[PDB]
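Asker:
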Amino acid sequence: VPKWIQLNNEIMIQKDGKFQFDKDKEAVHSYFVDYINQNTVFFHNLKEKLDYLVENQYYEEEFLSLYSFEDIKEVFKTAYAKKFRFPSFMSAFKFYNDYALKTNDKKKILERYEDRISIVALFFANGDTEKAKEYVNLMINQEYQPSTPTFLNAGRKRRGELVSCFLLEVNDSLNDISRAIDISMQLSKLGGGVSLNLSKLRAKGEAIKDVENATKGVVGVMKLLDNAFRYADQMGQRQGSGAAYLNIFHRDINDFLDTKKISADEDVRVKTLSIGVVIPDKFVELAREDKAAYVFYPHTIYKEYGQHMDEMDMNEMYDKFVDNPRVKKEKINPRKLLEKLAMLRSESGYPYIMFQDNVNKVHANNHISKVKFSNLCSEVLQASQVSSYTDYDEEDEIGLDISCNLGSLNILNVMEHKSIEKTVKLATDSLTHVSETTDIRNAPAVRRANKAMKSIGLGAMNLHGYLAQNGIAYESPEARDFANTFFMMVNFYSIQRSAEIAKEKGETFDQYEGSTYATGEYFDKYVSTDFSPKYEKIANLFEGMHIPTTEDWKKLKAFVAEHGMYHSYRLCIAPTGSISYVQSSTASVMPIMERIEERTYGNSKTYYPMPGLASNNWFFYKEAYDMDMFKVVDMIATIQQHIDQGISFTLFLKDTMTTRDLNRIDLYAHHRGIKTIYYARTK
Amino acid sequence: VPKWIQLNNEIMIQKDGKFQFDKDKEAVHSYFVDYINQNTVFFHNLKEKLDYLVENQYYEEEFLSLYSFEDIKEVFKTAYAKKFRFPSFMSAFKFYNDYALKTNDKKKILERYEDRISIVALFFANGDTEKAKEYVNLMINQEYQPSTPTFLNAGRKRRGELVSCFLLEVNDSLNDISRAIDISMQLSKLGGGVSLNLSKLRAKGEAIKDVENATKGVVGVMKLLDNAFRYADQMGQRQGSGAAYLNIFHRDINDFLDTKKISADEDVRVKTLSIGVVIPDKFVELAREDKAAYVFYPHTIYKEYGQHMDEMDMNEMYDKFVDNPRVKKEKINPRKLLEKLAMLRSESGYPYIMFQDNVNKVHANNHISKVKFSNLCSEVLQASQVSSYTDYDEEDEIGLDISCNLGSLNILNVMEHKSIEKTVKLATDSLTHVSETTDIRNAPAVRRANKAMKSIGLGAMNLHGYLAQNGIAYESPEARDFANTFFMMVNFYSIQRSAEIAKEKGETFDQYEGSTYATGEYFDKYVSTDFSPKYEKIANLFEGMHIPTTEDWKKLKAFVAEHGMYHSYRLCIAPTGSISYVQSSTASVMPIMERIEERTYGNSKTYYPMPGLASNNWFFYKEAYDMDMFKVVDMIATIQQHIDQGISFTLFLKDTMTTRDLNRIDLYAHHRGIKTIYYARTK
Amino acid sequence: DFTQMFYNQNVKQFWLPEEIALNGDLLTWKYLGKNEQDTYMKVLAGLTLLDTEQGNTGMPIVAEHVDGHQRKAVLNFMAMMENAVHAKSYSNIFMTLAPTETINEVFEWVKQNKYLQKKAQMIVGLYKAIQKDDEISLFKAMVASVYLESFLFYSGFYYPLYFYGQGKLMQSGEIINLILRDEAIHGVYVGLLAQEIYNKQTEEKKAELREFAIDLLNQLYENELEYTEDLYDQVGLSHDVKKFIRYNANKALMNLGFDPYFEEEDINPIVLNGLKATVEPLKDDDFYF
Amino acid sequence: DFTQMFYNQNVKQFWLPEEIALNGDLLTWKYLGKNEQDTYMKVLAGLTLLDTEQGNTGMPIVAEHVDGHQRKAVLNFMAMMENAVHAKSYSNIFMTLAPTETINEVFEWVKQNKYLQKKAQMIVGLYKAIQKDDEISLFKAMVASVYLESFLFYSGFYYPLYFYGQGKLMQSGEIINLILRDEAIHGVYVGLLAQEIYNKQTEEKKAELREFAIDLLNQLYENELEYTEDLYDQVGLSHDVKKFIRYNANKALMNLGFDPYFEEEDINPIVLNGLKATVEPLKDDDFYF
Ligand SMILES: Nc1ncnc2c1ncn2[C@@H]1O[C@H](COP(=O)(O)OP(=O)(O)OP(=O)(O)O)[C@@H](O)[C@H]1O
Ligand SMILES: Nc1ncnc2c1ncn2[C@@H]1O[C@H](COP(=O)(O)OP(=O)(O)OP(=O)(O)O)[C@@H](O)[C@H]1O
Ligand SMILES: Cc1cn([C@H]2C[C@H](O)[C@@H](COP(=O)(O)OP(=O)(O)OP(=O)(O)O)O2)c(=O)[nH]c1=O
Ligand SMILES: [Mg+2]
Ligand SMILES: [Mg+2]
Ligand SMILES: [Mn+2]
Ligand SMILES: [Mn+2]
Ligand SMILES: [Mn+2]
Ligand SMILES: [Mn+2]
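Just so you know, the sequences run in chain order A, B, D and C. Add 5 to the 1-based position in the first sequence for the entry's author numbering, that's all there is to it. Add 5 to the 1-based position in the second sequence for the entry's author numbering, that's all there is to it. Numbering (the entry's author numbering) for the third sequence: 16 to 290, 309 to 322. Numbering (the entry's author numbering) for the fourth sequence: 16 to 290, 309 to 322.
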């Protein structure tokens with residue numbers, strides 16, 4: 006057992022009835038005195054290091070060639086002047102095991118934290134030394150964290166794509182299904198998580214070229230996609246991850262759900278394909294009134310109306326579908342379906358729940374399309390247009406496939422530096438740069454939507470960490486007040502930066518003129534409701550920072566009207582799995598699952614306390630499972646009212662609560678305006 | 006139970022110790038006087054029938070519009086003038102259950118045998134009334150039988166494709182793999198059996214752009230193809246059938262074979278994809294000498310030499326592969342691999358065995374490409390060039406994917422009518438028409454190969470029926486002499502018709518100038534060796550027909566040199582599974598499995614005696630399992646010497662014999678020049 | 016070729032009575048007529064009584080005489096499901112719907128019922144006739160077992176499935192559907208064990224075993240028709256139940272590798288809505322001819 | 016007074032070896048000496064044999080002769096655990112850790128090992144000697160079963176527990192602990208049934224039954240000593256294991272209502288260290322907040 010691992014395991018050993026949290030710090034020192042410095046490759050000067058990394062195909066020549074060597078050296082010096090120290094052993098371990106650049110033999114460390122941050126900053130700035138230094142100060146203060154793809158791969162020649170969330174629309178044809186399989190394989194090859202909408206696909210027992218009972222339904226397509234994702238597994242590094250979304254009014258919805266049951270046969274169950282269910286308000290109304298619902302055959306609806314079932318508003322179309330004899334449908338019990346969803350989420354955490362009307366009643370780009378499905382993490386909610394992939398030697402009709410750009414603000418570090426505006430604007434600029442530098446040659450609709458929509462996702466993390474280190478309970482009304490104010494400022498500065506980029510470049514996102522930003526509707530609740538903190542403690546937390554008022558929001562609305570907005574979507578709160586360790590932050594805006602988490606690496610045990618955990622804030626670091634899920638829903642809705650896309654919202658349940666409690670949480674989330682529900686993790 | 010069912014079951018009720026074969030005839034009468042005539046749909050005249058079939062989307066109106074109604078009436082009258090009667094109940098039952106056109110609800114019979122034959126003939130003639138009458142006389146006499154796709158689907162609006170088998174070359178890339186999956190689904194949707202050569206795909210543990218041990222090998226692609234064929238299953242009517250072919254020198258050859266082991270795990274086992282193994286002469290030489298062999302990693306060979314492992318001759322490059330340190334290889338025991346092949350064929354009948362050198366030592370189009378794999382029935386052996394399917398928005402390099410049209414001569418009916426020449430020429434014309442009117446819009450390499458190669462497959466059926474009905478034992482040297490003479494005549498007249506078509510159209514198949522037809526090498530054994538019957542009985546059997554001599558072959562060689570050949574490939578002997586029932590013929594050139602076969606249909610059981618089975622020819626209808634497989638190999642080699650493509654050669658084994666006997670049969674087949682071995686069916 | 020696969024399917028279908036809450040059935044039970052309640056009770060008791068024979072005798076006796084450790088384990092698992100899961104499930108349904116005195120009376124009636132007794136004793140008779148080391152007597156018992164699992168239960172299953180397909184008695188209908196799903200796989204598995212014995216026999220012995228199976232099926236079928244009219248005429252369903260019996264008889268025959276006996280019929284849509310060669314090394318000189 | 020609580024305990028303890036991933040033991044296994052691996056394989060093979068016969072023969076035969084549907088349901092469940100869960104788990108362990116040839120060899124070794132054959136002969140002989148309606152032959156077989164459950168397994172259990180207690184082979188060890196947890200309740204249950212029969216006897220008959228139980232225990236014990244030495248001498252642990260089996264012999268006697276026979280000894284402290310969701314329907318009030 007290594008010395009740093011012993012020093013880390015000494016945390017659980019209680020002295021005077023208290024955990025030895027400070028010992029973790031010592032572990033970090035050991036982890037750097039015994040391992041990191043010994044296995045870190047050192048060079049006589051930075052010029053030699055850069056030459057070795059470029060020549061050995063570690064870095065890219067293009068992004069480094071935009072700067073003189075003096076500017077690169079100045080950026081590296083700015084990164085190293087902070088003298089950044091990892092506060093916990095797990096932060097440094099996760100960085101140097103997951104993100105630090107290693108030799109081809111994987112035994113030496115080529116990149117420190119400062120080196121990786123400097124390289125990512127130089128990639129972000131695209132030739133501006135001052136902008137690169139600003140990015141270096143942003144990331145070394147740990148105010149902003151690029152996502153795992155961006156942080157890991159920026160500036161590296163041997164790399165995947167910087168985007169890892171991809172949403173694909175699948176049209177109801179064999180050509181479109183095969184193209185979707187191909188694109189899923191190509192994007193999993195790039196290292197991205199792929200979500201596919203299967204609602205347009207006709208159900209099982211439908212007609213193919215006017216022969217009856219011929220379609221295999223969406224379950225056969227799910228089997229094909231599951232095989233494709235198993236095959237494309239990042240060159241045998243990570244398990245291929247894919248998601249399939251189906252509307253709850255699709256007839257296959259039960260069989261869809263049956264793919265996640267344990268009792269399902271081998272020809273029914275898909276193991277590497279996550280599933281999500283899109284639930285329109287009509288289904289919730291039918292379940293609430295206990296009226297029996299109807300699941301429709303999509304192809305009959307398409308033949309009758311010329312549009313797909315998921316392309317029209319089910320609230321106004323459901324009665325017409327039911328009363329139409331030419332539309333084929335099957336009787337179901339919506340309450341039984343809700344109970345089945347709750348039971349499946351209890352067993353396996355699936356499916357993801359998308360409340361379609363909750364997403365689309367605040368969607369700014371409904372003119373382009375309504376949000377029909379979400380991503381693999383159930384937080385990307387954007388307009389998508391299906392593509393018509395025709396036969397060979399025939400021109401395809403390329404639509405819009407969602408691929409947003411991830412990046413997370415560290416709420417604790419951002420707010421302690423009183424730099425919400427600067428961090429949000431710099432993160433928006435970096436996300437815009439990464440979106441502009443993304444070029445996928447095997448996903449035509451993804452590339453077209455990236456060029457047109459210019460959608461980015463700016464998330465936040467360390468919400469619970471910040472609240473606990475400031476003596477605020479996550480379920481307290483003060484925490485929701487802080488979340489409201491902080492995320493309203495984040496939205497304000499994100500919109501301001503998007504409008505500034507649109508003014509500078511002279512271009513907005515495609516079909517912006519029809520958006521609620523152009524019409525000013527988006528700013529309605531912002532020009533009438535003041536989002537300043539209602540509690541003195543939160544106001545003192547925001548001291549030293551200008552909180553945008555209704556007049557500021559009116560000025561921003563006028564600015565957007567005059568200049569437009571560059572990004573169709575700006576904010577989405579991703580789970581932030583492993584980057585939260587490196588940043589010493591709690592994951593996403595979720596409450597912490599455990600105060601101290603026990604992990605097993607190799608044959609060794611390691612202990613990660615939550616950041617800033619001590620005896621004084623032990624009570625404020627309440628575990629997520631012990632919390633009331635209604636108050637967690639309230640906080641997530643408070644944040645969601647300022648996020649244009651969704652939030653990865655995992656439910657944290659105890660083994661005691663039943664499926665009725667899960668359904669109640671889901672229905673309260675639907676009532677409170679929650680757009681997506683990610684997971685049902687049972688303790 | 007139906008009256009005809011009782012009459013057919015009365016065959017096995019012996020009277021005076023003999024089977025009541027004549028009862029079978031009675032059954033047909035019943036089957037027509039109680040079911041077919043009552044279930045048939047009669048019109049006032051042919052005009053009303055044709056109009057009803059045209060407007061109700063049963064028939065394509067284009068092929069019928071090329072004839073005036075008087076000509077169509079004359080063709081139908083020619084078909085009905087023969088007064089064709091089905092001699093066995095099973096012939097009529099199989100036609101009216103599998104090939105006769107029925108209504109949309111399948112409650113009535115719209116097409117008689119004469120109606121189907123007339124429609125197929127009118128489609129074949131393409132506006133020529135005299136040619137349509139010739140086709141009608143050829144098919145109503147049952148001298149020639151179009152394949153099941155062509156016979157069933159010719160002239161139908163709801164038809165599929167007339168091509169039975171498709172062969173795809175899969176290049177070593179994710180884009181090519183995805184395109185192969187798409188094309189396999191498209192062609193299975195069209196109803197054709199798809200064969201894919203996986204020998205170019207790099208083995209398991211190869212590098213995908215400098216990251217090693219990343220590839221899943223051919224087994225992952227096999228699983229993808231298996232799921233694709235499961236999904237595309239002819240709209241749920243016929244199970245999707247696919248074939249995978251791998252060279253025996255591929256490193257994955259064991260894992261490949263492990264897909265068919267009955268103890269294979271679900272993550273490896275493949276159940277809807279047939280497997281074939283391509284064995285060069287080098288492997289047989291290594292096994293014979295008991296020298297340990299080496300299987301190779303295709304990607305290392307491609308990197309070192311710039312060509313795929315199956316793209317070059319292993320007999321001359323195996324030592325270079327072994328001595329090359331930059332080529333990666335694994336040690337295997339070739340005798341152990343042969344024993345594994347024999348055990349697998351005993352257990353499940355797989356893999357198909359393709360003796361590559363036996364195919365390519367007489368292959369006429371080696372300049373275009375060597376034959377690297379076979380079809381799903383292991384009888385199509387043609388040159389194929391792999392396609393380079395590139396990224397989206399990039400032009401693809403379209404290669405040649407094999408596809409040929411099947412058609413079988415009924416040997417008994419052809420020789421009874423003394424019309425080898427006329428039947429062969431008319432069948433060649435019909436297959437040329439089927440190739441010309443075939444246009445597949447989702448398989449580009451298949452379309453290009455169909456347009457360029459113009460390859461057709463003219464098979465033969467009722468070899469054993471003709472031999473047994475003429476008092477010739479199938480294993481006798483007289484039977485092999487008859488096969489030699491008959492198939493030399495078939496080859497002569499097929500080459501003559503191909504050259505005549507090339508002369509009349511002024512065009513040959515692509516790259517004909519480099520073929521052995523153009524250089525005259527193909528005719529060598531035909532201009533030096535006489536293939537006239539060596540037995541007086543066979544010569545009497547061939548009386549009334551001009552058997553080509555060496556002078557006729559020299560004249561044909563000169564004619565080909567002057568005019569060329571329209572078809573790259575002309576003769577391939579398919580299994581002819583279910584259409585042999587309608588023709589009252591034994592399946593293909595294979596010996597009969599059983600004298601009387603008991604088949605269960607619905608809740609009833611039926612007995613089909615072999616065509617012409619009686620007391621005097623009971624022992625001439627020797628069952629295949631009771632026959633010496635070495636003499637069957639001799640027969641198949643004798644036929645194969647006159648067939649440019651392969652023959653679907655099924656091995657018929659007894660349970661008592663061991664895997665060593667199967668290996669001996671395989672090695673004798675390789676020694677005798679057998680190109681492919683189809684199945685190892687054990688009694 | 017099949018025991019490990021069936022092992023997997025069996026153990027992954029494991030369930031317990033407690034998983035389904037039964038009390039909510041009282042909300043539809045109270046709305047059924049007396050004849051409907053009477054038929055349901057009688058059908059339920061019929062299934063219970065037959066399934067007890069299968070748990071106490073049918074499965075354990077077959078497990079005893081079948082050779083092979085893995086087969087004995089699968090058969091033990093099936094016997095466990097009969098005794099530990101199915102029997103408790105039937106009891107739970109009864110205790111929910113009827114008071115103790117009503118349960119005792121229904122079981123007294125069904126215990127004396129001529130058509131239930133005829134089939135119960137016919138099946139039990141064949142289990143009692145198995146002789147040590149006699150595969151013919153074992154086969155006959157396996158045929159009886161397949162007929163119970165895949166055929167005789169279905170005149171009974173009809174009614175709960177009929178309600179289940181209409182939205183009535185959904186909790187007990189869910190339980191019955193799980194039970195039925197177990198009996199289906201039991202029937203298929205025992206069927207494969209019977210075919211193994213059948214395939215070891217001469218042609219004359221095979222014909223004799225086929226005659227046995229068809230004769231037994233005929234006796235049971237004629238009694239099922241009487242059983243059916245006795246229970247279902249009072250609720251007007253007998254015609255449709257008879258179609259369901261024949262359809263399931265055909266499945267039972269197919270489980271035993273035999274041809275269907277009855278013509279294909281459509282089923283009531285409400286019920287549908289409810290529903309190694311010897312390895313010898315190459316010796317050289319086999320490459321030369 | 017006890018069957019229902021044993022029924023509930025048995026069904027709530029239900030498990031499958033596939034629930035435990037075994038690839039984590041790969042390295043600690045690789046690191047053991049050849050002697051240690053040999054003893055470990057053989058130990059588990061001896062356990063596999065015992066569970067094979069307990070599942071195929073012992074539990075089903077006792078189930079057949081014990082009266083009462085609930086008692087039979089418990090015994091049937093225990094039988095299923097023996098051969099469908101316990102015996103199979105050992106193959107999961109073998110298939111993970113060992114190559115096929117070593118697996119083949121150890122199963123050949125059980126067939127020819129004289130101590131393992133003797134103990135199987137003795138235990139199975141008593142099972143097969145049970146006579147219908149003869150409570151004394153049944154008692155004798157139940158004593159044999161308790162001795163198998165609570166005594167004979169323990170020469171085998173020692174070694175996985177010994178490793179588990181040192182933090183070695185912990186996944187395999189987790190499986191073994193689950194098996195041991197089951198056998199402990201199986202031994203108690205069968206012990207209670209044996210005591211029922213014993214308590215019906217005259218004092219003279221009781222005296223003879225104690226003689227039978229003690230003579231049988233001593234005979235099994237003497238054989239187990241030789242078996243233990245044969246397996247453990249090569250790993251230096253025979254004396255320690257002997258103390259453990261004596262400890263467990265006393266527990267077996269106690270399960271039978273008899274006084275301990277061996278004196279107490281200190282057991283290796285390492286070995287001592289080695290030791309669907311509920312569903313409610315949705316109310317109309319859950320849709321409003
Ligand atoms: N907690 C830590 N986080 C990150 N790096 C660390 C940490 N502890 C030590 N290091 C690394 O080890 C070096 C030694 O740091 P130490 O605590 O011994 O003193 P120092 O005054 O920071 O040293 P130096 O002269 O290297 O700057 C640091 O410069 C840094 O590179
Ligand atoms: N074996 C058979 N094959 C094909 N069609 C048959 C067969 N047997 C009967 N039919 C059809 O059923 C009709 C019944 O007539 P059948 O053969 O009994 O003699 P028919 O009334 O004297 O006239 P004909 O033989 O001249 O048609 C035939 O005309 C024919 O259309
Ligand atoms: C992407 C991917 C490829 N492969 C295998 C199958 C293909 O035959 C083979 C080639 O993939 P390619 O698509 O050719 O990958 P590449 O072009 O980026 O890499 P290279 O330059 O070396 O050609 O890699 C996998 O096994 N799994 C995968 O996920
Ligand atoms: Mg279409
Ligand atoms: Mg490539
Ligand atoms: Mn049961
Ligand atoms: Mn059963
Ligand atoms: Mn046990
Ligand atoms: Mn036990």
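Just so you know, even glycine gets a beta-carbon here, dropped at the ideal spot from N, CA and C.
Please classify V327(B) as buried or exposed, where buried requires at least 16 neighbouring CB atoms within 10 angstroms.
Answerer: exposed
Asker: Can you have a look at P285(A) and say buried or exposed, based on whether 16 or more other CB atoms are within 10 angstroms of its CB?
Answerer: buried
Asker: Can you tell me whether DSSP reads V391(B) as helix, strand or coil?
Answerer: coil
Asker: What is the DSSP secondary structure of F128(A), counted as helix, strand or coil?
Answerer: Here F128(A) sits in helix by DSSP.
Asker: Buried or exposed: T664(B), going by 16 or more other Cβ atoms within 10 Å of its Cβ?
Answerer: buried
Asker: What runs of the beta strand (DSSP E), each 3 residues or longer, lie entirely inside the region 129-202 of chain A?
Answerer: 149-151, 170-174 and 198-202
Asker: Determine contact between the region 619-627 of chain B and the region 592-608 of chain B, defined as no fewer than three beta-carbon pairs at a distance below 8 Å.
Answerer: yes
Asker: Using the beta-carbon of each residue, which ones in chain B are nearer than 7 Å to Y397(A)?
Answerer: Within chain B, the residues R446, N447 and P449 have their CB atoms less than 7 Å from the CB of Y397(A), given in chain order.
Asker: Would you list the residues whose beta-carbon is nearer than 5 Å to any heavy atom of ligand 6, in the order they occur in the chain?
Answerer: Qualifying residues, in the order they occur: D66(D), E97(D) and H101(D).
Asker: Please find out if some non-hydrogen atom of ligand 4 comes closer than 7 Å to the beta-carbon of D177(A).
Answerer: For ligand 4, a non-hydrogen atom lies closer than 7 Å to the CB of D177(A).
Asker: How about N42(A): is its Cβ closer than 7 Å to a heavy atom in ligand 1?
Answerer: Between ligand 1 and the CB of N42(A), the shortest heavy atom gap is smaller than 7 Å.
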